[PDB]
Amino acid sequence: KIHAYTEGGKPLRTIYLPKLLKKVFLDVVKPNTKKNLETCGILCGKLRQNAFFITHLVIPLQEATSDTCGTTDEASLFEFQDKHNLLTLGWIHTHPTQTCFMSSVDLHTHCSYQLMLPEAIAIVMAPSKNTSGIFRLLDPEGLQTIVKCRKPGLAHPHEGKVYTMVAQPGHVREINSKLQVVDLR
């Protein structure tokens, strides 16, 4: 019913995203958004009959400020994912006061996820603006630009179009499905 393709002609499998995940993520990281701090999570799930299903929203050990966040113990996250047979399907984070877009840091992070999994998505929540977005780099051209980039900045700019929202409709299909939040903090 959907057959999605990259800019480069590569087919993308469907990712089923629980309709409720965005709000649930906002609910779980509210104490942080309320204290003007970003939070990140990992979108975890499984492959069944050639489609991915996000089943677990994993909040890893991390540190944050008003305009950054980052993991601080990836070994534990690995242990958890490996024990429960959970794939990395993408990630999510808040812009508590900012607009909804992909920052330089976000694109650099995302590129690696998307090279490892062409379907990988980055969800950005901008709760002050009541907006949100689901994004990916252009493949191959945007992934190429980020791969070849080597500038410190780390809000540094990039040449050309690099990223895009996922198409509507496209490979990410929202559905009314269960979700487990795993808080590793």
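Each residue number is its position in the shown sequence, starting from 1.
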{"item": "Selected stretch [higher average CA B-factor]: 114-122 or 155-163", "value": "155-163"}
{"item": "Stretch exceeding the other in mean C-alpha B-factor - 135-143, 64-72", "value": "64-72"}
{"item": "Where the record places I15 (Cα B-factor, split into thirds across the chain)", "value": "lowest"}
{"item": "Chain third (lowest, middle, highest) by recorded CA B-factor, residue given as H108", "value": "lowest"}
{"item": "Third assignment of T94 from its chain's C-alpha B-factors", "value": "middle"}
{"item": "CA B-factor placement of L47, once the chain's modelled residues are sorted into thirds", "value": "middle"}
